[PDB]
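For reference, the structure is listed below as structure tokens.
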Amino acid sequence: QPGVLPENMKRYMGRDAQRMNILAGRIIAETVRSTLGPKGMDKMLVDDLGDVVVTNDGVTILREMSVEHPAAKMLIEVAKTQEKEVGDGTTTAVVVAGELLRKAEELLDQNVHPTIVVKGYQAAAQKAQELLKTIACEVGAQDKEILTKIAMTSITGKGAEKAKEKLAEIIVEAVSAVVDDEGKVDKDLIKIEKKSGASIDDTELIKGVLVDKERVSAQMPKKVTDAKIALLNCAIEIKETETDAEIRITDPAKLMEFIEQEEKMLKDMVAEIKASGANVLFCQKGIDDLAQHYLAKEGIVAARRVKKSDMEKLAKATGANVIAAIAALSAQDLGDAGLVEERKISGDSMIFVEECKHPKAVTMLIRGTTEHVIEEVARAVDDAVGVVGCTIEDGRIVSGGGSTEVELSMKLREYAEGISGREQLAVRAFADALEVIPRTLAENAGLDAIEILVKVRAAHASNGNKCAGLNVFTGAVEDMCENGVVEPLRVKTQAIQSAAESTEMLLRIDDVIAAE
Amino acid sequence: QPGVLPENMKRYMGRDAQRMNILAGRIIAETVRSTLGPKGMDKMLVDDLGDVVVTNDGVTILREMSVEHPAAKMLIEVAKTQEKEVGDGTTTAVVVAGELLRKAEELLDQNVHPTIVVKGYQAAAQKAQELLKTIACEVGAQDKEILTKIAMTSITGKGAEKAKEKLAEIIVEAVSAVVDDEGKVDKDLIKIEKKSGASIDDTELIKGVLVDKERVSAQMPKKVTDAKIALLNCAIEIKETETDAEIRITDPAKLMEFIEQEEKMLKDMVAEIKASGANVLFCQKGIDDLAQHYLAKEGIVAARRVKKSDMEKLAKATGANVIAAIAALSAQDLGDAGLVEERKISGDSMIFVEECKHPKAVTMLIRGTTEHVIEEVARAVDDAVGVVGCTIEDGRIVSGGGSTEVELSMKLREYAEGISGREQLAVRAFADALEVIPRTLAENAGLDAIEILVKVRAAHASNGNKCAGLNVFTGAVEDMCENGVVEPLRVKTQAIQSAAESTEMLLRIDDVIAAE
Amino acid sequence: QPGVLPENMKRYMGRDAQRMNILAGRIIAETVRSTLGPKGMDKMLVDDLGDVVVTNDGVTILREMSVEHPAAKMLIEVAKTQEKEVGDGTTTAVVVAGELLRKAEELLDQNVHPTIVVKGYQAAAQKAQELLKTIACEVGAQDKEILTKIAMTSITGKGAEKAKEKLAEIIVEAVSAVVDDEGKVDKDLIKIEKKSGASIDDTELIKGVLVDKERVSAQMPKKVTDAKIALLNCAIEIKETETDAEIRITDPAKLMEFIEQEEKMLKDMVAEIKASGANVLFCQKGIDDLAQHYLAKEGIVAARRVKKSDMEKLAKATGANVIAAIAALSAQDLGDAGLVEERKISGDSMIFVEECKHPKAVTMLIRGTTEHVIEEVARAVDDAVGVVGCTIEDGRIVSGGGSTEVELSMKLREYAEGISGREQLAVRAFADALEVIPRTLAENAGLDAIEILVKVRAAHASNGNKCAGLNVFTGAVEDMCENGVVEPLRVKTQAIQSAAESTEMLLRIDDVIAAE
Amino acid sequence: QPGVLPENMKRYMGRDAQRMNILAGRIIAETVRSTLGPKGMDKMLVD
Ligand SMILES: Nc1ncnc2c1ncn2[C@@H]1O[C@H](COP(=O)(O)OP(=O)(O)O)[C@@H](O)[C@H]1O
Ligand SMILES: Nc1ncnc2c1ncn2[C@@H]1O[C@H](COP(=O)(O)OP(=O)(O)O)[C@@H](O)[C@H]1O
Ligand SMILES: Nc1ncnc2c1ncn2[C@@H]1O[C@H](COP(=O)(O)OP(=O)(O)O)[C@@H](O)[C@H]1O
Ligand SMILES: [Mg+2]
Ligand SMILES: [Mg+2]
Ligand SMILES: [Mg+2]
């Protein structure tokens with residue numbers, strides 16, 4: 001009378017704390033597990049507003065569930081980071097982390113101290129990163145045949161039926177276009193546009209951008225070839241001074257002198273824009289209705305109040321400078337595009353700026369029969385852009401289908417031999433955890449994981465094939481590299497590192513104190 | 001349209017049902033785990049009425065918690081059965097069952113099918129039973145030394161402090177004395193009485209019984225040596241007919257003639273009791289106040305309305321025959337006892353019938369300073385009576401301290417080699433599960449289970465020493481047989497068979513359907 | 001204006017009624033599906049009282065999940081009758097039923113009228129009963145080797161591990177023993193007692209009965225060899241006239257004269273029982289406290305107030321006659337037993353009447369480690385007893401493993417060829433339905449049902465192994481009759497007829513009117 | 001598992017829909033019928 005710590009709190013100590021964290025992780029892991037690989041299935045998620053999401057995407061599934069459990073939230077972070085650093089393998093990272101917790105339980109139930117488990121996992125993770133470097137194969141950032149296999153593998157992971165060669169080719173062309181002068185890929189430089197239509201095969205790559213604006217005046221050309229584009233962020237209105245300034249009029253005559261003076265400078269603004277040679281204009285602010293007319297007379301296509309995000313993208317695509325002062329508009333600020341057309345797409349009117357030659361931003365136009373069908377294709381397209389860009393930046397790949405994990409697993413066991421004592425148990429555990437991937441690939445495929453795993457493990461033993469993996473379609477062990485089943489080194493290195501760091505952090509916890 | 005199964009129910013399928021049972025099992029095992037062994041600790045259980053139990057007794061703890069979880073209830077049954085068939089090792093049984101469930105989870109996580117683990121478990125258990133037979137030593141039903149070591153070990157299992165030589169010797173004598181013609185032991189022939197007093201060391205064995213009664217008339221002797229005892233099933237009251245009868249009196253004088261005839265029937269009943277040579281009498285029913293005087297006038301001690309259970313044991317102890325008709329009574333129906341005394345014990349007035357020559361029932365009078373202190377001594381005396389009972393009936397024992405489980409474990413692994421493919425994993429898991437006993441023993445002793453196992457395991461290898469186990473005290477591996485740490489074969493055979501059958505039953509479950 | 005049909009009613013018409021019924025049926029079928037065959041898994045059913053049921057038994061499951069849906073109730077009835085008429089194959093009957101509903105929906109969805117579906121179903125069923133007759137093998141009522149296979153097969157269906165050669169032989173001996181002169185086998189004559197113990201292998205057959213009672217006086221022998229058993233349904237007390245009667249006493253001396261005449265009436269009742277030759281007495285009503293004495297002084301074992309249920313079974317076993325009047329008790333009315341002994345079992349004392357010569361009632365004493373494990377063995381025994389009885393009664397059997405179903409289905413397609421009209425679609429559908437069994441057996445075994453069905457069909461085509469079926473244990477198509485996997489003809493004929501009649505009934509419904 | 005069409009709705013099919021409309025139609029006709037012609041009568045409507 002009374003208590004020290006609040007009366008309004010739950011608390012779980014020792015083995016109870018370890019259990020609830022481990023359990024929470026394992027359950028999260030098991031939620032996305034059934035989505036892994038080609039034979040994986042999809043979730044349909046519905047929120048409280050009744051909006052639905054149908055996806056095979058690990059991190060998407062995890063964000064869309066209202067997971068409130070604290071240890072679970074920690075594992076979701078593993079996915080969010082995989083999405084951010086790589087753009088693919090979010091399910092893998094989560095499932096590996098889950099396996100690491102499970103494997104840790106069996107050591108904690110022998111009374112191996114948690115710090116020792118932690119020590120072992122840390123040692124194993126580091127060795128794994130060293131091993132991954134020797135396992136990876138080098139590739140050039142210009143190796144299109146290879147980049148296209150990277151994209152194919154990625155799209156396949158979301159079901160073989162989406163893995164179009166056309167689609168993969170488009171994607172490779174798109175990432176290639178936006179590679180910068182330092183060799184980095186910014187995935188935002190690829191505008192993604194989603195428009196219902198006849199078929200998914202209608203998805204196309206636009207050398208330029210799509211703007212959701214109609215041209216300001218119908219008297220303007222709907223179409224213009226080899227255009228000279230002008231980007232303004234200043235308003236084409238009568239300029240007012242920043243200082244408070246009022247006009248005073250005493251002479252009835254001078255009433256029209258001020259009106260005329262205003263419209264004479266508008267006519268002078270347009271005159272200035274025409275003078276620079278531009279026949280197409282995108283303005284961020286507004287355009288006085290009279291200037292609209294004046295622009296139209298000269299046959300200049302103009303669109304108004306274009307959002308910042310679009311402006312910045314337009315400049316990137318045509319090589320134009322977003323100019324802030326009309327007077328300062330010279331003809332070297334004009335971008336250049338093959339075709340600029342106002343056109344309808346799925347009943348929506350939009351301005352297409354396309355057929356640019358050396359564009360620094362491009363647009364994936366994704367097509368499909370229905371919103372939710374399109375939505376998942378886009379998610380697939382996002383994965384593929386991720387891993388293609390990773391490959392272009394790193395120039396390292398590994399074979400897929402569980403082959404890299406098995407090789408890695410097999411090398412870590414060898415490593416475990418030379419570890420003295422109890423830490424060794426943890427290192428074996430870490431090694432064995434990695435096989436959750438090849439096992440999960442086979443389960444989802446309906447095959448028998450135990451025997452499959454013996455077969456693959458055998459094709460890896462003593463100078464075998466590091467590329468040996470199960471082929472879920474034929475049911476055999478094959479050279480996954482010779483089959484074009486490949487993925488960026490970054491997917492494995494990030495996923496393992498994330499898995500190791502988050503589980504190590506959870507495994508150090510011996511006390512949970514929750515309020516409310 | 002409505003549902004088929006009632007919408008008023010929770011259902012758990014596949015992995016979920018499996019985790020539900022397996023988890024509920026383990027948790028139930030983990031609650032009793034800290035009681036195991038001489039260095040185990042006690043629970044204090046408080047119910048809804050505020051009544052309290054403090055015990056180290058496995059099945060008592062499990063019974064006294066009001067467990068609702070269906071899987072948990074299935075394991076509690078294992079404890080209940082161990083109590084009934086053996087009377088000791090309830091905690092061992094359950095902790096082994098829990099471990100079998102845990103070891104089974106590792107198998108199910110690898111996609112070993114439930115029916116296979118069940119198969120392997122069943123094989124391993126059958127083999128364990130066969131090994132247990134070769135492992136056991138033969139002893140004689142009358143080997144006081146070994147029996148005494150059996151009792152001592154049982155009582156140590158509830159703390160070395162309770163294990164006084166005096167107490168084990170009392171118990172061995174108690175059980176020995178109630179063994180019947182066929183060499184069987186009826187726990188119920190040994191009456192337990194609990195009375196507070198100076199000390200637990202005051203606990204004594206009575207070659208007789210304690211009857212919760214006072215002699216009916218204070219005029220009667222309260223001490224009788226070399227007593228001749230009569231046991232009556234009929235009441236010493238006026239006898240009436242079953243056929244409805246009634247007296248008609250028309251003659252004033254005929255009053256006293258009836259009163260005096262009823263008064264004479266009594267004097268006759270007593271006079272018949274006298275003739276048999278009896279001087280002490282126990283009547284299951286009532287004695288007419290008037291007959292009480294006549295008995296008193298004759299110097300015959302008598303108690304009225306004796307609990308039939310008391311009559312049944314008085315008979316067992318003294319050699320008397322419970323007689324249902326006074327006329328049939330004869331000196332041959334009389335029992336014998338060296339001392340019948342009415343005296344007070346901790347303030348309660350009772351009759352001791354003691355110093356009987358060859359009693360077929362006896363009384364453990366358990367003493368202690370306080371009610372709850374006594375209760376636990378009692379529970380400890382029950383475990384001991386149980387195992388001495390088993391040793392007398394079976395004449396087979398095993399060494400303890402985890403030695404036998406380790407030996408089994410070591411040997412079942414040798415067996416598992418001959419098993420082909422996949423069942424093998426289960427068999428090896430069963431072997432591994434038994435090591436939970438030596439592991440738990442040592443962790444409760446504050447020792448390091450992992451290295452202790454390595455040491456004990458070594459002492460068993462290369463045709464070593466089946467009796468080797470950890471001494472929770474010295475902290476070293478010793479010969480438990482030389483240390484007198486021994487237990488009935490039936491303790492292990494029941495425990496393991498119980499744990500095997502119930503987990504097998506639970507492992508076959510893939511759907512849980514719960515109502516309300 | 002005020003509404004005709006009540007306003008509380010729910011109504012489903014046409015398509016909606018058909019789908020409601022057809023769905024409810026399939027759902028019920030699906031909940032027992034996972035239990036079918038040797039690789040079947042069990043369900044755990046909890047009720048609103050916390051009471052638990054773990055079983056593989058189809059009808060037991062369906063009965064215990066308190067199902068409300070009307071269409072589903074109709075299908076439970078199929079299981080209940082399989083149980084009454086046969087004792088095994090309750091899951092098979094329900095699963096076939098569900099399948100017939102399913103195949104009916106594919107026909108309904110092509111606008112085949114329900115009456116036509118009904119008509120085709122009836123024809124296919126009738127033809128199946130004629131095919132089944134030619135498919136069965138003749139068998140001897142006393143061919144133990146075959147009966148034992150029949151029993152072995154029944155027990156395996158509830159899991160391999162319960163399939164003991166020993167258990168099967170016991171069961172055959174038990175059924176064989178109660179077969180009456182006409183050759184009919186009444187399940188009720190085989191009493192089932194359940195008592196915890198060392199293990200399931202401790203299950204024994206008693207040629208006789210167990211009585212839940214103790215002898216009335218300890219003075220009576222606790223064990224008698226080659227016993228003469230009297231069974232008296234009247235009470236061994238003083239007889240009272242049915243006409244109201246009362247004694248008048250007027251002479252103080254003629255007081256004892258009545259007591260003494262009642263004491264002589266008991267003594268005589270006993271003397272007459274002894275003159276029968278009887279040394280064991282089971283009485284249905286009470287036994288006067290005093291007569292209990294005279295019985296012991298004559299060395300007669302006597303048990304009082306034995307329930308009418310047991311008297312009847314005692315008489316059936318020993319060859320005795322329940323006598324209503326001690327007077328007319330002759331040496332011919334006594335039954336004979338090799339051994340009558342009162343002993344303890346699971347710590348409960350009972351009277352064993354065993355080693356009878358020609359028992360027409362017997363006892364399966366079932367043993368297991370825990371209550372809930374025993375329960376399941378008991379059902380396994382119930383099933384085996386059923387089908388052993390069916391074989392003895394019928395003399396016709398078929399091969400298991402879904403083999404008879406495949407034959408039946410292949411032949412029925414031959415029959416369908418020569419049928420014209422939409423009717424043909426319903427018959428061919430009835431044929432296809434049967435294959436739900438082989439399919440479900442394979443699926444539960446983790447096998448691939450489609451190709452396995454392809455192989456089994458092939459082994460049946462063009463004369464032709466009717467006994468060919470999939471061995472879940474090897475994964476190969478084998479000769480089930482040479483593998484010993486056999487079952488009574490009545491299992492299939494009852495199941496199929498049940499499934500056909502109830503679904504035909506359901507298919508005729510176009511309107512459901514539920515109230516409240 | 002839940003319903004497709006919202007459980008918060010009444011539905012009338014086949015003959016029932018037909019009787020519903022046909023009846024609601026006739027009743028509406030029958031309320032104004034007594035006004036028809038020179039010998040028709042008036043309504044008093046109160047809101
Ligand atoms: N053709 C293939 N055969 C076998 N495995 C494949 C194939 N294509 C992709 N995979 C594997 O599927 C996994 C990725 O599957 P996916 O469902 O996209 O999960 P994640 O969200 O973790 O990327 C990787 O392990 C990859 O090796
Ligand atoms: N002196 C001892 N040294 C080591 N182990 C012992 C000793 N005495 C008893 N044990 C072990 O303790 C275990 C039983 O402990 P106990 O707490 O009574 O549990 P249970 O309820 O299962 O009998 C057995 O393995 C027994 O061999
Ligand atoms: N050894 C076996 N191999 C293959 N099938 C078997 C074997 N034993 C039994 N069966 C099949 O199992 C089915 C019985 O399943 P069961 O679980 O008993 O449910 P039920 O008898 O209640 O329908 C029958 O089709 C029988 O042919
Ligand atoms: Mg992927
Ligand atoms: Mg003990
Ligand atoms: Mg069956």
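In the structure tokens, chains take letters A, B, ... by order of appearance, with residues numbered from 1 within each chain and ligands from 1 in the order shown.
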
Show me a table, sorted first by chain and then by increasing residue number, of the residues of chain A having an atom at most 7 Å from ligand 4, each with its shortest atom pair and the distance in Å to one decimal, counting only C-alpha atoms and all ligand atoms and written as CSV.
residue,atom,partner,partner_atom_place_in_ligand_line,distance
A:88,CA,ligand 4,1 (Mg),4.9
A:89,CA,ligand 4,1 (Mg),4.9
A:154,CA,ligand 4,1 (Mg),5.1
A:155,CA,ligand 4,1 (Mg),7.0
A:157,CA,ligand 4,1 (Mg),4.8
A:158,CA,ligand 4,1 (Mg),6.4
A:383,CA,ligand 4,1 (Mg),6.3

Take the residues from that selection and write them out as an mmCIF file, in the first residue's frame, keeping C-alpha atoms.
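Just written: result_7.cif:
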data_model
loop_
_atom_site.group_PDB
_atom_site.id
_atom_site.type_symbol
_atom_site.label_atom_id
_atom_site.label_comp_id
_atom_site.auth_asym_id
_atom_site.auth_seq_id
_atom_site.Cartn_x
_atom_site.Cartn_y
_atom_site.Cartn_z
ATOM 1 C CA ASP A 88 12.678 -7.075 -53.088
ATOM 2 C CA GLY A 89 12.976 -10.145 -50.841
ATOM 3 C CA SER A 154 11.755 -10.949 -59.646
ATOM 4 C CA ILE A 155 8.434 -10.823 -61.493
ATOM 5 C CA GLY A 157 8.400 -14.496 -57.542
ATOM 6 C CA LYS A 158 4.973 -12.889 -57.751
ATOM 7 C CA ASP A 383 10.126 -5.247 -57.308
#

Inset, instruction - Write out as JSON, numbers by chain each polymer residue (protein, DNA or RNA) that has an atom no more than 10 Å from ligand 5, with only C-alpha atoms and all ligand atoms counted. - result: {"B": [35, 36, 37, 38, 56, 57, 58, 87, 88, 89, 90, 91, 92, 151, 152, 153, 154, 155, 156, 157, 158, 159, 379, 380, 382, 383, 384, 386, 387, 487, 491]}

Legend entry - segment 17-33 of chain C surroundings by only C-alpha atoms, 7 Å radius, close-in-sequence under 2 positions cut, as a VMD selection string: (chain B and resid 1 4) or (chain C and resid 12 to 15 35 to 36 58 71 to 72 75 91 94 to 95 98 101 to 102 506 509 to 512)

Write the residues of the preceding selection, restricted to C-alpha atoms, as a short mmCIF file (atom, residue, chain, number, x, y, z; two decimals), in the first residue's frame.
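And here's part_27.cif as it stands now:
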data_model
loop_
_atom_site.label_atom_id
_atom_site.label_comp_id
_atom_site.auth_asym_id
_atom_site.auth_seq_id
_atom_site.Cartn_x
_atom_site.Cartn_y
_atom_site.Cartn_z
CA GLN B 1 -28.06 -18.15 -45.45
CA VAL B 4 -23.47 -25.12 -40.47
CA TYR C 12 -34.99 -19.75 -49.09
CA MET C 13 -36.46 -20.81 -52.45
CA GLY C 14 -35.30 -22.46 -55.67
CA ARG C 15 -31.57 -22.02 -56.28
CA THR C 35 -9.99 -38.42 -40.39
CA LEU C 36 -10.50 -41.00 -43.11
CA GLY C 58 -16.88 -40.02 -37.63
CA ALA C 71 -29.69 -29.90 -43.96
CA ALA C 72 -26.63 -30.95 -41.95
CA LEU C 75 -26.62 -35.91 -43.01
CA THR C 91 -17.01 -41.37 -42.10
CA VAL C 94 -20.98 -39.16 -44.70
CA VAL C 95 -18.13 -38.38 -47.12
CA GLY C 98 -21.32 -34.99 -49.38
CA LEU C 101 -24.46 -33.46 -53.24
CA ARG C 102 -21.36 -31.91 -54.85
CA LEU C 506 -32.35 -33.41 -50.01
CA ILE C 509 -36.29 -29.76 -51.69
CA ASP C 510 -36.94 -26.41 -53.35
CA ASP C 511 -38.11 -24.41 -50.36
CA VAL C 512 -36.87 -24.04 -46.79
#

Inset, instruction - Using only C-alpha atoms, determine which residues lie at most 8 Å from residue 210 of chain A, disregarding the query and same-chain residues fewer than 2 positions distant; provide the list as a PyMOL selection string. - result: chain A and resi 193+208+212+350-353+363

Inset, instruction - Find the residues of chain C in contact range of chain A, meaning any atom within 12 Å when counting only C-alpha atoms, and list them as a ChimeraX atom specification. - result: /C:443,446-448

Inset, instruction - Write down as a ChimeraX atom specification the residues of segment 121-297 of chain B whose backbone DSSP state falls under strand (DSSP E). - result: /B:137-138,190-196,204-206,209-211,223-232,245-247,280-283

Inset, instruction - Would you kindly report the residues of chain B within 10 Å of chain D, using only C-alpha atoms, as a ChimeraX atom specification? - result: /B:1-3,7

Take the residues just selected and output them with N, CA and C atoms as a PDB file, in the first residue's frame.
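Writing the result to selection.pdb gives the following:
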ATOM      1  N   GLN B   1     -28.031 -16.764 -45.933  1.00  0.00           N
ATOM      2  CA  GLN B   1     -28.060 -18.145 -45.449  1.00  0.00           C
ATOM      3  C   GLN B   1     -27.078 -18.391 -44.294  1.00  0.00           C
ATOM      4  N   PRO B   2     -27.476 -19.250 -43.335  1.00  0.00           N
ATOM      5  CA  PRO B   2     -26.773 -19.425 -42.060  1.00  0.00           C
ATOM      6  C   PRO B   2     -25.629 -20.436 -42.117  1.00  0.00           C
ATOM      7  N   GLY B   3     -24.859 -20.491 -41.036  1.00  0.00           N
ATOM      8  CA  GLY B   3     -23.711 -21.367 -40.965  1.00  0.00           C
ATOM      9  C   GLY B   3     -24.129 -22.770 -40.594  1.00  0.00           C
ATOM     10  N   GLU B   7     -22.272 -20.710 -34.926  1.00  0.00           N
ATOM     11  CA  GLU B   7     -21.452 -19.504 -34.974  1.00  0.00           C
ATOM     12  C   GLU B   7     -20.905 -19.171 -33.588  1.00  0.00           C
TER      13      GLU B   7
END

Legend entry - B:205, B:300, B:468, B:320 ranked by distance to residue 169 of chain B, top pick (using only C-alpha atoms):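 For residue 169 of chain B, the nearest of the given residues is B:205.
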
Legend entry - Contacts of segment 394-405 of chain B within 9 Å, only C-alpha atoms, excl. fewer than 2 positions in-chain, as a PyMOL selection string: chain B and resi 37+132-133+135-141+150+153+389-392+407-410+431+434-439+441+456+460+465-472+479-481+484-490+492

Legend entry - Secondary structure check, alpha helix (DSSP H) residues of segment 247-470 of chain C, as a PyMOL selection string: chain C and resi 256-276+291-296+308-318+371-394+403-417+423-434+436-444+449-458

Inset, instruction - For each of C:227, C:496, C:281, C:514, take the minimum atom-to-atom distance to ligand 3, counting only C-alpha atoms and all ligand atoms, then give the residue where this is smallest. - result: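 The answer is C:496, which sits nearest to ligand 3.
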